[PDB]
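In structure tokens, one chain follows: the form deposited in one PDB entry.
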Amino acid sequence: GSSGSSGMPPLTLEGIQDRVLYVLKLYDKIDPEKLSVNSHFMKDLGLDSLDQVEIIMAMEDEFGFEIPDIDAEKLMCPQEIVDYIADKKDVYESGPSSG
């Protein structure tokens, strides 16, 4: 309870990264202190692929994309994703998007 206020500023890279971390944070398995824009998952964290599919899928949802295992596998850091997002630069582009 106890409501206050919480707006949602424009959409900028600052949001992608934060999200990349935020999402990674949501994962108790992944510690925030250790977590870092430049922090591996298997070299540092030491997670398993089973976690990679998740972490990735997390970004695919948090951003709403379709990252193939061929990519998710190439992604071993949070910054690596940001790049994938930044590129997308908003998903307000035409296309057959159904609910």
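Heads up: residue numbers just count along the shown sequence, starting at 1.
Omitted from view is the form deposited with a partner chain bound, to which the following refers.
In the deposited complex, none of the heavy atoms of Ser36 sits within 4.5 Å of a heavy atom of its partner chain.
Mapping the unseen interface onto this chain, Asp44 falls outside it, with no heavy atom inside 4.5 Å of its partner chain in the deposited complex. Taking the partner from the other structure, its partner chain in the deposited complex has no heavy atom within 4.5 Å of any heavy atom of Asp31.
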